[PDB]
There are 8 protein chains.
Amino acid sequence: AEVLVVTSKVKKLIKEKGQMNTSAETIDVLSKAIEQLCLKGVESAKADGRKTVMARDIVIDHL
Amino acid sequence: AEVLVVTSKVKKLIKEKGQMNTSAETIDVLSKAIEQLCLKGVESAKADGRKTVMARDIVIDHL
Amino acid sequence: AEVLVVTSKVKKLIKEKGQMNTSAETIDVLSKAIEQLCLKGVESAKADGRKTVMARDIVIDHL
Amino acid sequence: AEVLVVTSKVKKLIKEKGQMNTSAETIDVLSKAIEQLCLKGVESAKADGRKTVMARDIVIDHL
Amino acid sequence: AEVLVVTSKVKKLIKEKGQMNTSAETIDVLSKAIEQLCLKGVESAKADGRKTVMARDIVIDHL
Amino acid sequence: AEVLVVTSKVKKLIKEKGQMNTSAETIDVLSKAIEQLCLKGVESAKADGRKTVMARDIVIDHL
Amino acid sequence: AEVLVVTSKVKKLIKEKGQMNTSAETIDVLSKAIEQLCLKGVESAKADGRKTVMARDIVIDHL
Amino acid sequence: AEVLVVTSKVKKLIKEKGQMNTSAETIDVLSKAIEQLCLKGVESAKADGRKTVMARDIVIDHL
């Protein structure tokens with residue numbers, strides 16, 4: 001259930017910017033990264049008493 | 001540019017798992033996170049001498 | 001009998017310079033071009049009474 | 001740089017079909033002709049919207 | 001020019017019947033055997049004043 | 001069963017080099033000759049303790 | 001630390017009996033199966049107050 | 001026949017992790033377990049249409 005990335009555009013980016021192919025399992029791991037980022041965003045909004053996940057709730061300072 | 005996440009499923013997961021809405025720019029920064037994961041993947045693959053970004057090249061331990 | 005081009009290096013050139021794949025039948029047509037160029041080189045050397053095909057005998061002014 | 005022709009078979013074809021030797025730089029310019037055919041092939045494929053250099057993209061009618 | 005054997009089916013036969021791999025140069029030698037067999041078949045038909053190579057013109061009594 | 005020769009190129013070589021046609025069963029027996037060469041190749045490789053049928057295992061001196 | 005299967009003989013068995021290749025990660029999973037079987041054998045001997053793992057302590061009734 | 005486990009490391013793991021000795025036929029049945037896992041792996045791969053026994057073909061959930 002639920003693939004959260006747009007496969008064709010991810011592949012195009014990796015081909016265009018990196019001159020590489022993309023494994024199918026790569027798409028799966030990226031989808032799981034999105035899942036984890038949204039779950040943390042929801043916990044970050046709830047800890048602030050808001051009802052909307054905002055860009056500031058998406059934490060990528062470890063990126 | 002370029003939306004790399006499936007917006008409808010991101011919103012559906014956030015509403016279904018946290019009851020919240022999803023701001024517009026949340027999609028934007030989720031997409032930026034994908035771009036960065038993909039570009040690190042290309043660097044990981046290049047350092048392995050490979051031409052394919054594989055699951056092993058996408059590290060999401062910090063998320 | 002006789003493939004006259006170095007397949008792996010032709011493919012690498014097209015991938016590197018053109019960001020493209022190479023069909024197997026492409027290698028065949030390039031080999032036939034080499035065959036035609038050598039046959040004309042031999043006729044060009046013979047018309048000059050020489051026993052050696054030289055660079056000047058390889059005509060690519062139609063290129 | 002980069003030799004794109006199979007030198008031993010080029011020499012063997014020239015000796016076997018014309019009884020002649022093959023100068024060193026004959027290989028060099030045969031290789032240059034390959035580079036040019038490949039680069040025109042990439043342009044032909046791009047104008048077709050393709051990502052693969054195919055036999056149809058290598059025109060050797062003038063040779 | 002001209003590979004006269006069907007590579008994939010030759011490899012399958014050697015793998016299936018002999019439990020072995022097949023070198024690429026093996027395919028070349030088999031193609032040359034076919035070339036020699038057809039050239040002799042043409043000489044055998046011509047010596048009989050026929051215009052068609054037939055099975056009887058393919059001599060493998062030395063096999 | 002199994003056609004092991006490239007019929008179109010066999011016919012083209014026979015018409016181009018001898019001006020003749022090629023009967024149907026000529027292909028069949030050419031294919032049988034391939035089967036026999038391959039099976040002798042497997043025996044040659046086995047007697048060398050190898051697992052790969054190589055050019056050295058295909059003897060076509062008698063043809 | 002510790003590869004518990006004899007790689008070359010496992011590969012030979014799969015090639016001989018199954019006519020197949022063996023992935024390197026296959027050897028790893030088999031080693032882990034051996035590790036799990038010995039750990040259970042030790043618990044089975046201890047539960048009987050013995051100091052020696054015996055064949056009867058190696059349980060493969062789920063096999 | 002054929003010992004498929006590394007006896008010295010099996011014994012060392014059993015002595016180091018349980019302080020016990022290892023009977024002779026324990027090695028024998030550990031080896032039989034390997035044979036059976038490999039033969040099920042071949043069946044799993046065949047049902048996938050593959051020619052390689054991979055990690056996915058070795059199921060050790062029941063152990």
Side-chain angles (χ1 to χ4, degrees), chain C, chain D:
Chain C
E2 253 165 355
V3 161
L4 301 177
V5 299
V6 175
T7 299
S8 55
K9 285 181 182 157
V10 170
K11 283 164 169 186
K12 182 166 180 82
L13 171 71
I14 290 175
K15 183 68 117 204
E16 182 147 49
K17 262 63 207 201
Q19 268 222 62
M20 290 189 187
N21 293 338
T22 308
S23 309
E25 40 155 41
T26 302
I27 303 302
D28 296 348
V29 174
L30 296 168
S31 295
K32 191 76 200 323
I34 285 322
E35 194 192 333
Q36 298 171 175
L37 282 173
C38 298
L39 268 294
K40 281 159 146 272
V42 157
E43 221 66 16
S44 163
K46 218 43 160 205
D48 203 36
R50 293 182 275 101
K51 307 288 175 113
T52 297
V53 183
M54 323 222 78
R56 78 176 279 134
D57 293 319
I58 295 329
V59 183
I60 43 167
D61 56 41
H62 40 296
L63 188 154
Chain D
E2 281 309 8
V3 182
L4 302 176
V5 301
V6 185
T7 297
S8 50
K9 316 278 209 296
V10 163
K11 296 212 215 126
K12 170 197 272 182
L13 162 87
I14 283 158
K15 204 156 171 263
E16 204 152 320
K17 291 267 265 300
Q19 282 112 332
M20 325 189 166
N21 302 332
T22 299
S23 82
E25 304 203 43
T26 293
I27 300 315
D28 231 328
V29 298
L30 278 174
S31 190
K32 182 83 189 314
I34 290 302
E35 285 173 30
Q36 297 300 292
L37 283 172
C38 290
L39 268 35
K40 300 200 256 242
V42 165
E43 289 314 293
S44 171
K46 189 196 246 193
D48 255 17
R50 287 184 277 102
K51 304 176 65 164
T52 308
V53 179
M54 330 188 59
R56 74 195 72 162
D57 298 307
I58 304 313
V59 168
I60 59 171
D61 79 306
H62 46 292
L63 263 61

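Every chain is numbered from 1 and lettered A, B, ... according to where its sequence line falls, protein lines coming before strand lines. Keep in mind that the numbers below use all heavy atoms, side chains included, and drop hydrogens, waters and symmetry copies.
- The part of C:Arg50 that comes within reach of chain D is its backbone (N, CA, C, O), which places non-hydrogen atoms under 4.5 angstrom from that chain.
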Which side-chain N or O atoms in residues 30-45 of chain D pair as donor and acceptor under 3.5 Å with protein atoms at least two apart or in another chain?
{"from": "D:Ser31", "atom 1": "OG", "to": "D:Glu2", "atom 2": "O", "distance (Å)": "3.1"}
{"from": "D:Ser31", "atom 1": "OG", "to": "D:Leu4", "atom 2": "N", "distance (Å)": "3.0"}
{"from": "D:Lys40", "atom 1": "NZ", "to": "C:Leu63", "atom 2": "O", "distance (Å)": "3.3"}
{"from": "D:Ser44", "atom 1": "OG", "to": "D:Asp57", "atom 2": "OD1", "distance (Å)": "2.6"}

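- Evaluation of the side-chain contact (heavy atoms from CB on, under 4.5 Å) rule for D:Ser23 yields C:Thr52, C:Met54, D:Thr26 as partners, not counting sequence neighbours.
- Of the atoms belonging to C:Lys15, not a single heavy atom falls under 4.5 Å from chain D.
- Considering only heavy-atom pairs separated by less than 4.5 Å from chain D, the leading option among C:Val59, C:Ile60, C:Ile58 is C:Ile58.
- Counting heavy-atom pairs under 4.5 Å between each of D:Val10, D:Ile27, D:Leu13 and chain C puts D:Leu13 at the top.
- Using a 4.5 Å cut-off between heavy atoms, D:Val3 touches chain C through its backbone atoms (N, CA, C, O) alone.
- D:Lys46 NZ to C:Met20 CE: the interatomic distance, rounded to the nearest 0.5 Å, is 7.0 Å.
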